[PDB]
Amino acid sequence: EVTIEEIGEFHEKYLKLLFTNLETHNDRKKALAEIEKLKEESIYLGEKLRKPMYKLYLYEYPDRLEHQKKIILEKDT
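Reading the sequence shown from the start, the letters are residues 178 to 227, 240 to 266 in the UniProt record's numbering.
Right, here's the structure in full:
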């Protein structure tokens, strides 16, 4: 019942978050907000899809997002 457009859109947003610059404090504030919405969207898909594919969206991408988050928290101190 998960559509390809929901999967495509999630990954599109993820890609944009990753390609983002993070040079200024404003950018970092925005990226962090975006990370939170991506975690939520990943887990939404993961729960709806139910190595099995669903584990990537339930666990792996939220873990990678958390990683990127800590890093961005590393700069802004």
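All C-beta atoms, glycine included, are put in the ideal place defined by N, C-alpha and C.
Do you know offhand how far residue i's Cα is from residue j's?
{"i": "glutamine 257", "j": "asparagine 203", "result": "16 angstroms"}
{"i": "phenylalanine 187", "j": "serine 219", "result": "7 angstroms"}
{"i": "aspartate 252", "j": "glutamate 213", "result": "12 angstroms"}
{"i": "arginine 205", "j": "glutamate 217", "result": "19 angstroms"}
{"i": "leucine 254", "j": "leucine 215", "result": "8 angstroms"}
Alpha helix (DSSP H) containing residue i: first to last residue?
{"i": "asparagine 203", "result": "202 to 225"}
{"i": "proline 251", "result": "250 to 264"}
{"i": "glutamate 178", "result": "Unbroken run through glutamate 178: none, as it is neither H nor E."}
Is the beta carbon of residue i less than 9 angstroms from the beta carbon of residue j?
{"i": "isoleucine 184", "j": "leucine 209", "result": "no"}
{"i": "residue 228", "j": "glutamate 224", "result": "Residue numbering in the chain jumps from 227 to 240; residue 228, which lies between, is not modelled."}
{"i": "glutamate 211", "j": "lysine 190", "result": "yes"}
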